[PDB]
Amino acid sequence: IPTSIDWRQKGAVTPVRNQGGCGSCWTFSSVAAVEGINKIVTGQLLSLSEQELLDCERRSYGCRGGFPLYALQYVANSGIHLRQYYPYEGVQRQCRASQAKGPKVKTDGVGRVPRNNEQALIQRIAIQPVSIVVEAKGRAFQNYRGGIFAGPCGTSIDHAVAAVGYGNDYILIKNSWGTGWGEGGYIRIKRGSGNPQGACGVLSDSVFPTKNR
Ligand SMILES: *[C@@H](C(=O)O)[C@H](O)C(=O)N[C@@H](CC(C)C)C(=O)NCCCCNC(N)=[NH2+]
């Protein structure tokens, strides 16, 4: 694998989103992962509907939180519509999937990275973007502006985000707090933490969509 990778520089990452006040991070990280594998295997970069997951993925709780694993299973079972045909409202409404216009992206399955294993996560990011988790509630994380973030942060994971790259000392992560946070919406989290769960719990729980060429 390469010493560094950046899926943005392979055209597999869409612009940064802003989830707003809604506790919908689980829809953003999962969609970013799906957009990534879809570009990798089809050649097209599409912007996909977080709102569809928010409304339609029954085992999650809309703006009250959710489960990236189940979001990815939904995409493998039902597919997902384009954002432009099922736009983000930042509030849960009735599922309108069957009424949405336009094409669908359908994946074939879901994989899981062996947890608390930095090399396993890096190896997976070398292949595709990954939906991961971090503890984002800390003031240092909330106030992050740039550079390599090492903390202070605990490992009580609370926020789903998408890993879209790495380099020797960092994992590169697409957050859903708009471009006004961090590095145009991105954060670099240090590799090589003393925590088995990694810095900010970044190694705690990582899943990804699978889709065949
Ligand atoms: C994250 C956010 O919007 O910042 C959002 O709160 C969320 O989905 N968090 C997940 C975090 C995990 C580490 C993936 C979460 O807390 N999921 C469990 C949600 C359970 C909510 N239950 C009810 N009844 N609302």
# chains A, B, ... in the order shown; residues from 1 in each chain; ligands from 1
>>> closest_atom_pairs(of="chain A", to="ligand 1", cutoff="6 Å", atoms="only C-alpha atoms and all ligand atoms", output="Markdown table")
| residue | atom | partner | partner_atom_place_in_ligand_line | distance |
| --- | --- | --- | --- | --- |
| A:23 | CA | ligand 1 | 3 (O) | 3.2 |
| A:24 | CA | ligand 1 | 3 (O) | 4.1 |
| A:25 | CA | ligand 1 | 3 (O) | 3.7 |
| A:26 | CA | ligand 1 | 8 (O) | 4.4 |
| A:61 | CA | ligand 1 | 25 (N) | 5.0 |
| A:64 | CA | ligand 1 | 25 (N) | 4.3 |
| A:65 | CA | ligand 1 | 8 (O) | 3.4 |
| A:66 | CA | ligand 1 | 8 (O) | 4.0 |
| A:67 | CA | ligand 1 | 14 (C) | 5.3 |
| A:133 | CA | ligand 1 | 13 (C) | 5.2 |
| A:157 | CA | ligand 1 | 13 (C) | 4.8 |
| A:158 | CA | ligand 1 | 11 (C) | 4.0 |
| A:159 | CA | ligand 1 | 1 (C) | 4.2 |
| A:160 | CA | ligand 1 | 14 (C) | 5.0 |
>>> residues_around(residues="residue 95 of chain A", least_positions_apart="2", cutoff="9 Å", atoms="only C-alpha atoms", output="ChimeraX atom specification")
/A:51-57,92-93,97-98
>>> write_last_selection(atoms="C-alpha atoms", output="PDB file, in the first residue's frame")
ATOM      1  CA  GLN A  51     -32.379  12.450   3.984  1.00  0.00           C
ATOM      2  CA  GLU A  52     -33.486   9.089   2.564  1.00  0.00           C
ATOM      3  CA  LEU A  53     -31.580   7.301   5.334  1.00  0.00           C
ATOM      4  CA  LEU A  54     -32.857   9.768   7.951  1.00  0.00           C
ATOM      5  CA  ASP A  55     -36.491   9.095   6.901  1.00  0.00           C
ATOM      6  CA  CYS A  56     -36.387   5.491   5.702  1.00  0.00           C
ATOM      7  CA  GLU A  57     -33.744   3.507   7.569  1.00  0.00           C
ATOM      8  CA  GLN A  92     -37.166  13.498  10.052  1.00  0.00           C
ATOM      9  CA  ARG A  93     -40.236  13.241   7.800  1.00  0.00           C
ATOM     10  CA  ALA A  97     -38.076   6.771  -1.147  1.00  0.00           C
ATOM     11  CA  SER A  98     -40.720   5.265  -3.463  1.00  0.00           C
TER      12      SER A  98
END
>>> select_by_dssp(residues="segment 34-211 of chain A", states="strand (DSSP E or B)", output="PyMOL selection string")
chain A and resi 48+64+80-82+104-105+109-112+130-134+148-149+159-167+170-174+177+183+186-190+207-210
>>> select_by_dssp(residues="segment 79-198 of chain A", states="helix (DSSP H, G or I)", output="PyMOL selection string")
chain A and resi 83-85+97-99+118-125+139-142
>>> atom_distance(atom1="atom CA of residue 39 of chain A", atom2="atom CA of residue 123 of chain A")
18.8 Å
>>> closest_atom_pairs(of="segment 69-158 of chain A", to="segment 3-15 of chain A", cutoff="12 Å", atoms="only C-alpha atoms", output="tab-separated table")
residue	atom	partner	partner_atom	distance
A:83	CA	A:14	CA	11.4
A:119	CA	A:3	CA	11.9
A:122	CA	A:5	CA	9.5
A:123	CA	A:5	CA	10.6
A:124	CA	A:5	CA	11.1
A:125	CA	A:5	CA	8.0
A:126	CA	A:5	CA	6.5
A:127	CA	A:5	CA	9.4
A:128	CA	A:7	CA	7.6
A:129	CA	A:7	CA	7.1
A:130	CA	A:7	CA	10.7
>>> atom_distance(atom1="atom CA of residue 40 of chain A", atom2="atom CA of residue 164 of chain A")
12.6 Å
>>> residues_around(residues="residue 41 of chain A", least_positions_apart="6", cutoff="12 Å", atoms="only C-alpha atoms", output="list in words")
residues 12, 34, 35, 105, 106, 107, 108, 127, 128, 209, 210, 211, 212 and 213 of chain A
>>> atom_distance(atom1="atom CA of residue 115 of chain A", atom2="atom CA of residue 195 of chain A")
12.2 Å
>>> residues_around(residues="residue 49 of chain A", least_positions_apart="6", cutoff="12 Å", atoms="only C-alpha atoms", output="short mmCIF file (atom, residue, chain, number, x, y, z; two decimals) with N, CA, C and O atoms, in the first residue's frame")
data_model
loop_
_atom_site.label_atom_id
_atom_site.label_comp_id
_atom_site.auth_asym_id
_atom_site.auth_seq_id
_atom_site.Cartn_x
_atom_site.Cartn_y
_atom_site.Cartn_z
N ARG A 17 -20.34 18.58 3.74
CA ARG A 17 -21.69 18.88 4.11
C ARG A 17 -21.77 19.49 5.51
O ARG A 17 -20.87 19.34 6.33
N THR A 27 -25.87 9.34 8.95
CA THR A 27 -26.26 9.36 7.55
C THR A 27 -25.14 9.95 6.69
O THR A 27 -24.98 9.54 5.54
N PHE A 28 -24.38 10.90 7.23
CA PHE A 28 -23.35 11.59 6.44
C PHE A 28 -22.14 10.70 6.22
O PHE A 28 -21.64 10.62 5.10
N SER A 29 -21.67 10.04 7.28
CA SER A 29 -20.48 9.18 7.15
C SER A 29 -20.80 7.99 6.23
O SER A 29 -20.00 7.64 5.36
N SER A 30 -21.98 7.40 6.39
CA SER A 30 -22.34 6.25 5.56
C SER A 30 -22.48 6.65 4.09
O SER A 30 -21.95 5.97 3.23
N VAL A 31 -23.16 7.76 3.82
CA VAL A 31 -23.28 8.24 2.44
C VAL A 31 -21.91 8.53 1.85
O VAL A 31 -21.65 8.19 0.69
N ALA A 32 -21.01 9.12 2.63
CA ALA A 32 -19.69 9.44 2.07
C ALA A 32 -18.96 8.14 1.69
O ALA A 32 -18.30 8.05 0.62
N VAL A 34 -20.44 5.31 0.77
CA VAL A 34 -21.12 4.79 -0.43
C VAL A 34 -20.69 5.57 -1.68
O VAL A 34 -20.40 4.98 -2.73
N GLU A 35 -20.65 6.90 -1.57
CA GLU A 35 -20.22 7.75 -2.71
C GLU A 35 -18.83 7.32 -3.18
O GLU A 35 -18.57 7.26 -4.39
N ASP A 55 -35.06 9.44 6.94
CA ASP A 55 -36.49 9.10 6.90
C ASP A 55 -36.81 7.60 6.87
O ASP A 55 -37.81 7.15 7.45
N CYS A 56 -35.98 6.83 6.16
CA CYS A 56 -36.39 5.49 5.70
C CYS A 56 -35.67 4.33 6.37
O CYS A 56 -36.14 3.19 6.29
N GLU A 57 -34.52 4.60 7.00
CA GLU A 57 -33.74 3.51 7.57
C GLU A 57 -34.28 3.29 8.99
O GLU A 57 -33.98 4.05 9.93
N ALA A 71 -27.34 1.76 8.17
CA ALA A 71 -27.43 2.62 6.98
C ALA A 71 -26.80 1.91 5.78
O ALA A 71 -27.40 1.88 4.71
N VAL A 75 -28.58 0.53 2.19
CA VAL A 75 -28.14 0.81 0.82
C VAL A 75 -27.95 -0.49 0.02
O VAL A 75 -28.23 -0.53 -1.18
N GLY A 79 -31.00 0.30 -1.98
CA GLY A 79 -30.35 1.34 -2.77
C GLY A 79 -30.66 2.71 -2.18
O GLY A 79 -31.35 2.82 -1.14
N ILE A 80 -30.16 3.76 -2.82
CA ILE A 80 -30.33 5.11 -2.30
C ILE A 80 -30.37 6.09 -3.47
O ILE A 80 -29.68 5.88 -4.47
N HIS A 81 -31.18 7.14 -3.32
CA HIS A 81 -31.38 8.13 -4.37
C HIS A 81 -30.35 9.27 -4.31
O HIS A 81 -29.59 9.38 -3.33
N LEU A 82 -30.30 10.08 -5.37
CA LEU A 82 -29.40 11.23 -5.38
C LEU A 82 -29.91 12.33 -4.45
O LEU A 82 -31.12 12.49 -4.29
N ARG A 83 -28.98 13.07 -3.83
CA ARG A 83 -29.32 14.19 -2.94
C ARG A 83 -30.26 15.16 -3.66
O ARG A 83 -31.25 15.62 -3.08
N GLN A 84 -29.96 15.45 -4.92
CA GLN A 84 -30.72 16.47 -5.66
C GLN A 84 -32.20 16.10 -5.84
O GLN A 84 -33.03 16.98 -6.13
N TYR A 85 -32.50 14.81 -5.70
CA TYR A 85 -33.87 14.30 -5.82
C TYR A 85 -34.49 13.87 -4.47
O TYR A 85 -35.64 13.41 -4.41
N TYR A 86 -33.73 14.04 -3.41
CA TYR A 86 -34.24 13.74 -2.06
C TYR A 86 -33.37 14.53 -1.07
O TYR A 86 -32.54 13.96 -0.36
N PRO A 87 -33.54 15.87 -1.06
CA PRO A 87 -32.59 16.78 -0.43
C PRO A 87 -32.65 16.79 1.10
O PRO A 87 -33.66 16.38 1.68
N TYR A 88 -31.60 17.30 1.73
CA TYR A 88 -31.49 17.28 3.18
C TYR A 88 -32.35 18.36 3.82
O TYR A 88 -32.28 19.53 3.43
N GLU A 89 -33.17 17.96 4.79
CA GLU A 89 -34.04 18.88 5.50
C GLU A 89 -33.69 19.07 6.97
O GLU A 89 -34.21 19.97 7.62
N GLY A 90 -32.83 18.19 7.50
CA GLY A 90 -32.36 18.32 8.88
C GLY A 90 -33.48 18.08 9.88
O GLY A 90 -33.40 18.53 11.03
N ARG A 96 -40.05 8.85 1.85
CA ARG A 96 -40.54 9.21 0.52
C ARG A 96 -39.66 8.56 -0.57
O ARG A 96 -39.62 9.04 -1.71
N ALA A 97 -38.97 7.48 -0.21
CA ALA A 97 -38.08 6.77 -1.15
C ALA A 97 -38.78 6.34 -2.44
O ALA A 97 -38.25 6.53 -3.54
N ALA A 100 -39.21 9.28 -4.87
CA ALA A 100 -38.03 10.02 -5.32
C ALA A 100 -37.72 9.74 -6.79
O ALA A 100 -37.76 8.59 -7.22
N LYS A 101 -37.42 10.80 -7.54
CA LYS A 101 -37.04 10.71 -8.95
C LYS A 101 -35.58 10.30 -9.07
O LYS A 101 -34.82 10.31 -8.08
N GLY A 102 -35.16 9.97 -10.29
CA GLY A 102 -33.75 9.77 -10.59
C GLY A 102 -33.22 8.39 -10.31
O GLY A 102 -33.96 7.50 -9.88
N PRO A 103 -31.92 8.18 -10.57
CA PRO A 103 -31.36 6.85 -10.43
C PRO A 103 -31.12 6.46 -8.96
O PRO A 103 -31.23 7.31 -8.06
N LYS A 104 -30.78 5.20 -8.74
CA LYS A 104 -30.41 4.72 -7.41
C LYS A 104 -29.01 4.12 -7.44
O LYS A 104 -28.61 3.52 -8.43
N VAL A 105 -28.28 4.28 -6.34
CA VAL A 105 -27.04 3.55 -6.17
C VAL A 105 -27.37 2.38 -5.26
O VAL A 105 -27.99 2.56 -4.22
#
>>> closest_residue(among="A:112, A:16, A:192, A:145", to="residue 179 of chain A", atoms="only C-alpha atoms")
A:16
>>> closest_residue(among="A:63, A:91, A:22, A:148", to="residue 170 of chain A", atoms="only C-alpha atoms")
A:148
>>> decode(residues="segment 75-195 of chain A", atoms="C-alpha atoms", output="mmCIF file, in the first residue's frame")
data_model
loop_
_atom_site.group_PDB
_atom_site.id
_atom_site.type_symbol
_atom_site.label_atom_id
_atom_site.label_comp_id
_atom_site.auth_asym_id
_atom_site.auth_seq_id
_atom_site.Cartn_x
_atom_site.Cartn_y
_atom_site.Cartn_z
ATOM 1 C CA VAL A 75 -28.142 0.815 0.820
ATOM 2 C CA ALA A 76 -27.307 -2.854 0.038
ATOM 3 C CA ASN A 77 -31.020 -3.831 0.331
ATOM 4 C CA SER A 78 -32.963 -0.834 -1.035
ATOM 5 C CA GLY A 79 -30.353 1.339 -2.773
ATOM 6 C CA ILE A 80 -30.332 5.111 -2.300
ATOM 7 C CA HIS A 81 -31.382 8.135 -4.370
ATOM 8 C CA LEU A 82 -29.396 11.235 -5.385
ATOM 9 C CA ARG A 83 -29.321 14.186 -2.943
ATOM 10 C CA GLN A 84 -30.719 16.474 -5.660
ATOM 11 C CA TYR A 85 -33.867 14.296 -5.816
ATOM 12 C CA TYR A 86 -34.236 13.744 -2.056
ATOM 13 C CA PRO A 87 -32.591 16.785 -0.432
ATOM 14 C CA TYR A 88 -31.494 17.279 3.182
ATOM 15 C CA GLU A 89 -34.045 18.884 5.503
ATOM 16 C CA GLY A 90 -32.364 18.320 8.880
ATOM 17 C CA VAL A 91 -35.636 16.961 10.282
ATOM 18 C CA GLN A 92 -37.166 13.498 10.052
ATOM 19 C CA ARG A 93 -40.236 13.241 7.800
ATOM 20 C CA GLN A 94 -42.213 10.340 6.304
ATOM 21 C CA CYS A 95 -40.154 7.992 4.122
ATOM 22 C CA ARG A 96 -40.536 9.208 0.521
ATOM 23 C CA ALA A 97 -38.076 6.771 -1.147
ATOM 24 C CA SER A 98 -40.720 5.265 -3.463
ATOM 25 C CA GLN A 99 -41.599 8.786 -4.771
ATOM 26 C CA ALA A 100 -38.028 10.022 -5.317
ATOM 27 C CA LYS A 101 -37.038 10.713 -8.950
ATOM 28 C CA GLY A 102 -33.754 9.772 -10.592
ATOM 29 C CA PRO A 103 -31.356 6.845 -10.431
ATOM 30 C CA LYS A 104 -30.408 4.723 -7.410
ATOM 31 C CA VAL A 105 -27.036 3.552 -6.165
ATOM 32 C CA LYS A 106 -27.169 0.003 -4.848
ATOM 33 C CA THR A 107 -24.339 -1.723 -3.063
ATOM 34 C CA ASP A 108 -23.874 -5.466 -2.575
ATOM 35 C CA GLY A 109 -22.936 -5.787 1.110
ATOM 36 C CA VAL A 110 -21.189 -4.410 4.170
ATOM 37 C CA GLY A 111 -17.741 -5.112 5.618
ATOM 38 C CA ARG A 112 -16.248 -4.441 9.026
ATOM 39 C CA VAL A 113 -12.637 -3.575 9.844
ATOM 40 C CA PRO A 114 -11.220 -5.624 12.743
ATOM 41 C CA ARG A 115 -11.464 -3.085 15.598
ATOM 42 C CA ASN A 116 -8.639 -1.461 17.610
ATOM 43 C CA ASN A 117 -6.147 -2.265 14.874
ATOM 44 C CA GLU A 118 -4.539 0.751 13.222
ATOM 45 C CA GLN A 119 -2.874 -1.204 10.409
ATOM 46 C CA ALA A 120 -6.155 -2.972 9.497
ATOM 47 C CA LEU A 121 -7.942 0.406 9.188
ATOM 48 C CA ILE A 122 -5.096 1.883 7.108
ATOM 49 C CA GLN A 123 -5.169 -1.174 4.826
ATOM 50 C CA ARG A 124 -8.895 -0.685 4.298
ATOM 51 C CA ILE A 125 -8.595 3.082 3.626
ATOM 52 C CA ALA A 126 -5.996 2.166 0.962
ATOM 53 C CA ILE A 127 -8.904 0.417 -0.812
ATOM 54 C CA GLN A 128 -11.832 2.804 -0.180
ATOM 55 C CA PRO A 129 -13.255 5.437 2.167
ATOM 56 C CA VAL A 130 -14.518 4.034 5.488
ATOM 57 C CA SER A 131 -17.276 5.004 7.909
ATOM 58 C CA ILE A 132 -15.592 5.359 11.307
ATOM 59 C CA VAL A 133 -16.379 6.807 14.733
ATOM 60 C CA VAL A 134 -14.816 9.382 17.050
ATOM 61 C CA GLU A 135 -15.517 11.147 20.336
ATOM 62 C CA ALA A 136 -16.387 14.655 19.121
ATOM 63 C CA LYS A 137 -17.965 16.183 22.228
ATOM 64 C CA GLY A 138 -14.691 17.523 23.696
ATOM 65 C CA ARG A 139 -14.001 21.253 23.421
ATOM 66 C CA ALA A 140 -10.624 20.605 21.695
ATOM 67 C CA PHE A 141 -12.335 18.558 18.964
ATOM 68 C CA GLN A 142 -15.172 21.081 18.658
ATOM 69 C CA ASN A 143 -12.686 23.944 18.326
ATOM 70 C CA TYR A 144 -10.280 22.135 15.960
ATOM 71 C CA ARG A 145 -8.918 24.472 13.261
ATOM 72 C CA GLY A 146 -6.086 22.579 11.563
ATOM 73 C CA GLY A 147 -2.960 20.465 11.654
ATOM 74 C CA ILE A 148 -2.580 17.069 13.295
ATOM 75 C CA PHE A 149 -5.075 16.575 16.143
ATOM 76 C CA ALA A 150 -3.942 14.423 19.058
ATOM 77 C CA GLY A 151 -6.462 15.498 21.738
ATOM 78 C CA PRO A 152 -7.330 16.013 24.465
ATOM 79 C CA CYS A 153 -10.174 13.633 23.604
ATOM 80 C CA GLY A 154 -11.500 10.469 25.231
ATOM 81 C CA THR A 155 -12.719 7.282 23.602
ATOM 82 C CA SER A 156 -16.411 7.569 24.395
ATOM 83 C CA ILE A 157 -17.356 7.539 20.719
ATOM 84 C CA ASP A 158 -20.354 9.667 19.786
ATOM 85 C CA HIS A 159 -19.972 10.909 16.178
ATOM 86 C CA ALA A 160 -19.734 9.055 12.859
ATOM 87 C CA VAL A 161 -17.331 10.494 10.267
ATOM 88 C CA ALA A 162 -15.702 9.229 7.037
ATOM 89 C CA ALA A 163 -12.012 8.336 6.704
ATOM 90 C CA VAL A 164 -10.955 9.360 3.215
ATOM 91 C CA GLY A 165 -7.169 9.086 3.472
ATOM 92 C CA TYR A 166 -4.037 8.759 5.584
ATOM 93 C CA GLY A 167 -0.348 9.709 5.671
ATOM 94 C CA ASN A 168 2.518 8.515 7.880
ATOM 95 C CA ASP A 169 1.300 10.416 11.028
ATOM 96 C CA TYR A 170 -2.461 10.877 10.405
ATOM 97 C CA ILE A 171 -5.835 9.570 9.295
ATOM 98 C CA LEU A 172 -7.680 12.087 7.074
ATOM 99 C CA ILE A 173 -11.354 12.481 7.935
ATOM 100 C CA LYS A 174 -14.322 14.167 6.301
ATOM 101 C CA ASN A 175 -16.572 15.708 8.976
ATOM 102 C CA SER A 176 -20.143 16.919 8.471
ATOM 103 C CA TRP A 177 -19.872 20.256 10.305
ATOM 104 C CA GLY A 178 -19.492 22.438 7.187
ATOM 105 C CA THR A 179 -16.366 23.903 5.580
ATOM 106 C CA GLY A 180 -16.056 26.471 8.374
ATOM 107 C CA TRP A 181 -14.779 23.798 10.813
ATOM 108 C CA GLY A 182 -11.229 22.341 10.717
ATOM 109 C CA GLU A 183 -9.354 22.162 7.399
ATOM 110 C CA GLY A 184 -12.198 23.091 5.018
ATOM 111 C CA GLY A 185 -14.347 20.583 6.969
ATOM 112 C CA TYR A 186 -11.607 17.940 7.333
ATOM 113 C CA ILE A 187 -9.568 16.770 10.325
ATOM 114 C CA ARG A 188 -6.270 14.906 10.520
ATOM 115 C CA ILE A 189 -6.200 12.634 13.563
ATOM 116 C CA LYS A 190 -2.836 11.373 14.782
ATOM 117 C CA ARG A 191 -1.860 7.766 14.140
ATOM 118 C CA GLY A 192 0.071 5.777 16.793
ATOM 119 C CA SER A 193 -1.979 6.439 19.938
ATOM 120 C CA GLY A 194 -1.424 4.753 23.305
ATOM 121 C CA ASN A 195 -5.166 3.899 23.434
#
